[PDB]
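Q: After the structure tokens below, expect a handful of questions from me.
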Amino acid sequence: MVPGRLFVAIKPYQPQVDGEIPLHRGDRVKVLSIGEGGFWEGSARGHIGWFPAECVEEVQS
């Protein structure tokens, strides 16, 4: 399984690092590249930056 899929933010979070971005429950985050230490790099809410993978989740049917 490789990244680049459509993830959805399940846990809210705010930017606390250079590049990091905010998150909200129900926000469709678009992954672009893997981060560092369980982190991720993508776009969300019209903002491109880094964010914790624990805040995002894969689509569930």
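We name chains A, B, ... following the order of the structure tokens; residues begin at 1 in each chain, and ligands are numbered from 1 as shown.
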Name the residues in contact with residue 29 of chain A at a cut-off of 6 Å, using only C-alpha atoms, excluding same-chain residues fewer than 2 positions from it; report them as a PyMOL selection string.
A: chain A and resi 7-8+43-44
Q: Using DSSP assignments from the backbone, pull out every residue in chain A that falls under strand (DSSP E or B) and give it to me as a PyMOL selection string.
A: chain A and resi 6-9+13+20+23+27-34+39-44+47-52+56-58
Q: Which residues are near residue 16 of chain A? Cut-off 12 Å, only C-alpha atoms, ignore same chain within fewer than 4 positions. Put them as a list in words.
A: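 Contacts, in chain order: residues 20, 21, 22, 23, 49, 50, 51 and 52 of chain A.
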Q: Take the residues from that selection and write them out as a PDB file, in the first residue's frame, keeping N, CA and C atoms.
A:
ATOM      1  N   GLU A  20       3.673  22.861   9.235  1.00  0.00           N
ATOM      2  CA  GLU A  20       2.494  22.158   9.728  1.00  0.00           C
ATOM      3  C   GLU A  20       1.219  22.912   9.364  1.00  0.00           C
ATOM      4  N   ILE A  21       0.096  22.203   9.373  1.00  0.00           N
ATOM      5  CA  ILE A  21      -1.191  22.804   9.044  1.00  0.00           C
ATOM      6  C   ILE A  21      -2.282  22.319   9.992  1.00  0.00           C
ATOM      7  N   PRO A  22      -3.371  23.097  10.086  1.00  0.00           N
ATOM      8  CA  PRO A  22      -4.507  22.767  10.953  1.00  0.00           C
ATOM      9  C   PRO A  22      -5.292  21.561  10.447  1.00  0.00           C
ATOM     10  N   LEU A  23      -6.191  21.053  11.282  1.00  0.00           N
ATOM     11  CA  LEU A  23      -7.005  19.899  10.918  1.00  0.00           C
ATOM     12  C   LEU A  23      -8.379  19.972  11.581  1.00  0.00           C
ATOM     13  N   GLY A  49       0.663  21.553   3.739  1.00  0.00           N
ATOM     14  CA  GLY A  49       1.708  21.504   4.744  1.00  0.00           C
ATOM     15  C   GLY A  49       1.839  20.135   5.381  1.00  0.00           C
ATOM     16  N   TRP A  50       2.434  20.090   6.566  1.00  0.00           N
ATOM     17  CA  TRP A  50       2.620  18.832   7.279  1.00  0.00           C
ATOM     18  C   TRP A  50       1.530  18.631   8.325  1.00  0.00           C
ATOM     19  N   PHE A  51       1.352  17.387   8.759  1.00  0.00           N
ATOM     20  CA  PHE A  51       0.341  17.062   9.757  1.00  0.00           C
ATOM     21  C   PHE A  51       0.502  15.626  10.248  1.00  0.00           C
ATOM     22  N   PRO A  52       0.047  15.369  11.482  1.00  0.00           N
ATOM     23  CA  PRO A  52       0.130  14.041  12.097  1.00  0.00           C
ATOM     24  C   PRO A  52      -0.809  13.037  11.435  1.00  0.00           C
TER      25      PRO A  52
END
Q: Which of these, A:2, A:59, A:38, A:53, has the shortest distance to residue 26 of chain A once you count only C-alpha atoms?
A: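 Among the listed residues, the smallest separation from residue 26 of chain A belongs to A:59.
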Q: So, counting only C-alpha atoms, which residue among A:37, A:1, A:58, A:47 is closest to residue 15 of chain A?
A: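 Of A:37, A:1, A:58, A:47, the one nearest residue 15 of chain A, counting only C-alpha atoms, is A:47.
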Q: Report as a ChimeraX atom specification all protein, DNA and RNA residues lying within 7 Å of residue 31 of chain A, evaluated on only C-alpha atoms, omitting residues in the same chain fewer than 5 positions from it.
A: /A:3-7,41-43
Q: Take the selection from the previous step and output its residues with C-alpha atoms, as a JSON list (two decimals), in the first residue's frame.
A:
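Once everything was written out, this is again_19.json:
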[["chain", "number", "residue", "atom", "x", "y", "z"],
["A", 3, "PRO", "CA", 0.38, 6.96, -0.03],
["A", 4, "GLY", "CA", -1.27, 9.57, -2.23],
["A", 5, "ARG", "CA", -4.79, 8.41, -1.39],
["A", 6, "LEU", "CA", -7.73, 10.40, -0.05],
["A", 7, "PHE", "CA", -7.53, 10.66, 3.74],
["A", 41, "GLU", "CA", 2.62, 15.99, 3.93],
["A", 42, "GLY", "CA", -0.48, 17.04, 2.01],
["A", 43, "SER", "CA", -3.27, 19.60, 1.66]]
Q: Please, what distance in Å, to one decimal, runs between atom CA of residue 14 of chain A and atom CA of residue 61 of chain A?
A: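 Interatomic distance here is 28.0 Å.
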Q: Smallest atom-to-atom distance to residue 48 of chain A: which of A:17, A:25, A:30, A:35, using only C-alpha atoms?
A: A:30
